[PDB]
file upload.pdb (PDB, N, CA, C and O atoms)
MODEL        1
ATOM      1  N   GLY A   1       0.806  -1.206   0.000
ATOM      2  CA  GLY A   1       0.000   0.000   0.000
ATOM      3  C   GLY A   1       0.842   1.260   0.000
ATOM      4  O   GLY A   1       0.609   2.171  -0.794
ATOM      5  N   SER A   2       1.823   1.314   0.895
ATOM      6  CA  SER A   2       2.700   2.475   0.999
ATOM      7  C   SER A   2       4.161   2.046   1.098
ATOM      8  O   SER A   2       5.000   2.468   0.301
ATOM      9  N   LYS A   3       4.458   1.203   2.080
ATOM     10  CA  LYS A   3       5.817   0.712   2.284
ATOM     11  C   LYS A   3       5.913  -0.775   1.962
ATOM     12  O   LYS A   3       4.984  -1.539   2.226
ATOM     13  N   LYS A   4       7.042  -1.181   1.392
ATOM     14  CA  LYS A   4       7.262  -2.577   1.036
ATOM     15  C   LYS A   4       8.739  -2.941   1.143
ATOM     16  O   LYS A   4       9.616  -2.222   0.660
ATOM     17  N   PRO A   5       9.024  -4.082   1.788
ATOM     18  CA  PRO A   5      10.395  -4.566   1.971
ATOM     19  C   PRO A   5      11.024  -5.034   0.663
ATOM     20  O   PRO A   5      10.414  -5.786  -0.097
ATOM     21  N   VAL A   6      12.248  -4.583   0.406
ATOM     22  CA  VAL A   6      12.961  -4.958  -0.810
ATOM     23  C   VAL A   6      14.343  -5.513  -0.488
ATOM     24  O   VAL A   6      15.186  -4.841   0.107
ATOM     25  N   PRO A   7      14.584  -6.770  -0.890
ATOM     26  CA  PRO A   7      15.865  -7.444  -0.656
ATOM     27  C   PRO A   7      16.993  -6.853  -1.496
ATOM     28  O   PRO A   7      18.164  -6.933  -1.124
ATOM     29  N   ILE A   8      16.632  -6.264  -2.631
ATOM     30  CA  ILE A   8      17.614  -5.660  -3.523
ATOM     31  C   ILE A   8      18.074  -4.304  -2.997
ATOM     32  O   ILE A   8      17.622  -3.849  -1.945
ATOM     33  N   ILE A   9      18.974  -3.663  -3.735
ATOM     34  CA  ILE A   9      19.492  -2.358  -3.344
ATOM     35  C   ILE A   9      19.489  -1.390  -4.523
ATOM     36  O   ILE A   9      19.150  -1.764  -5.646
ATOM     37  N   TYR A  10      19.868  -0.145  -4.258
ATOM     38  CA  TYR A  10      19.907   0.878  -5.297
ATOM     39  C   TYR A  10      21.339   1.342  -5.550
ATOM     40  O   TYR A  10      22.161   1.387  -4.635
ATOM     41  N   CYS A  11      21.630   1.686  -6.800
ATOM     42  CA  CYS A  11      22.960   2.146  -7.177
ATOM     43  C   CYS A  11      22.876   3.264  -8.213
ATOM     44  O   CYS A  11      22.639   3.013  -9.394
ATOM     45  N   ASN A  12      23.073   4.498  -7.761
ATOM     46  CA  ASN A  12      23.019   5.655  -8.648
ATOM     47  C   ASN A  12      24.346   5.846  -9.374
ATOM     48  O   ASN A  12      25.299   6.391  -8.815
ATOM     49  N   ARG A  13      24.402   5.393 -10.622
ATOM     50  CA  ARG A  13      25.613   5.514 -11.425
ATOM     51  C   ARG A  13      26.148   6.942 -11.391
ATOM     52  O   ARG A  13      26.026   7.685 -12.366
ATOM     53  N   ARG A  14      26.741   7.320 -10.264
ATOM     54  CA  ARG A  14      27.293   8.660 -10.102
ATOM     55  C   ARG A  14      28.546   8.630  -9.232
ATOM     56  O   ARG A  14      29.211   7.600  -9.116
ATOM     57  N   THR A  15      28.862   9.768  -8.620
ATOM     58  CA  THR A  15      30.036   9.873  -7.762
ATOM     59  C   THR A  15      29.830   9.118  -6.454
ATOM     60  O   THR A  15      29.755   9.720  -5.384
ATOM     61  N   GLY A  16      29.739   7.795  -6.547
ATOM     62  CA  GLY A  16      29.543   6.979  -5.364
ATOM     63  C   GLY A  16      28.195   7.217  -4.713
ATOM     64  O   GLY A  16      28.119   7.537  -3.526
ATOM     65  N   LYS A  17      27.129   7.062  -5.489
ATOM     66  CA  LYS A  17      25.777   7.262  -4.982
ATOM     67  C   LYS A  17      24.985   5.959  -5.015
ATOM     68  O   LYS A  17      24.168   5.740  -5.910
ATOM     69  N   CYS A  18      25.230   5.098  -4.033
ATOM     70  CA  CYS A  18      24.539   3.817  -3.949
ATOM     71  C   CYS A  18      23.627   3.771  -2.727
ATOM     72  O   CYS A  18      23.829   4.507  -1.761
ATOM     73  N   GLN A  19      22.623   2.900  -2.776
ATOM     74  CA  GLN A  19      21.680   2.758  -1.673
ATOM     75  C   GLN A  19      21.530   1.295  -1.271
ATOM     76  O   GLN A  19      21.953   0.395  -1.997
ATOM     77  N   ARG A  20      20.925   1.065  -0.110
ATOM     78  CA  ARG A  20      20.720  -0.289   0.389
ATOM     79  C   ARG A  20      19.363  -0.416   1.075
ATOM     80  O   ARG A  20      19.089   0.263   2.065
ATOM     81  N   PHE A  21      18.515  -1.289   0.541
ATOM     82  CA  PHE A  21      17.186  -1.505   1.100
ATOM     83  C   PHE A  21      17.235  -2.500   2.255
ATOM     84  O   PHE A  21      18.228  -3.205   2.437
TER
ENDMDL
END
call {"tool": "encode", "arguments": {"input": "upload.pdb", "output": "structure tokens"}}
result
Amino acid sequence: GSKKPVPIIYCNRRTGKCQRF
């Protein structure tokens, strides 16, 4: 509905801009 758990992560192809879910 609003929030959802994600096993994967995020990676912004930039100057070291990565995320972790």
call {"tool": "resolve_selection", "arguments": {"input": "upload.pdb", "expression": "the PyMOL selection byres ((chain A and resi 8) around 6)", "output": "PyMOL selection string"}}
result
chain A and resi 6-7+9-10+20-21
call {"tool": "axis_aligned_box", "arguments": {"input": "upload.pdb", "around": "stretch 16-21 of chain A", "padding_each_side": "5 Å", "output": "JSON"}}
result
{"center_x": 23.5, "center_y": 2.3, "center_z": -2.1, "size_x": 22.6, "size_y": 21.0, "size_z": 19.0}
call {"tool": "atom_distance", "arguments": {"input": "upload.pdb", "atom1": "atom N of residue A:16", "atom2": "atom C of residue A:3"}}
result
26.7 Å
call {"tool": "atom_distance", "arguments": {"input": "upload.pdb", "atom1": "atom CA of residue A:1", "atom2": "atom CA of residue A:18"}}
result
25.1 Å
call {"tool": "atom_distance", "arguments": {"input": "upload.pdb", "atom1": "atom C of residue A:14", "atom2": "atom O of residue A:2"}}
result
26.1 Å
call {"tool": "select_by_dssp", "arguments": {"input": "upload.pdb", "residues": "chain A", "states": "strand (DSSP E or B)", "output": "count of residues only"}}
result
8
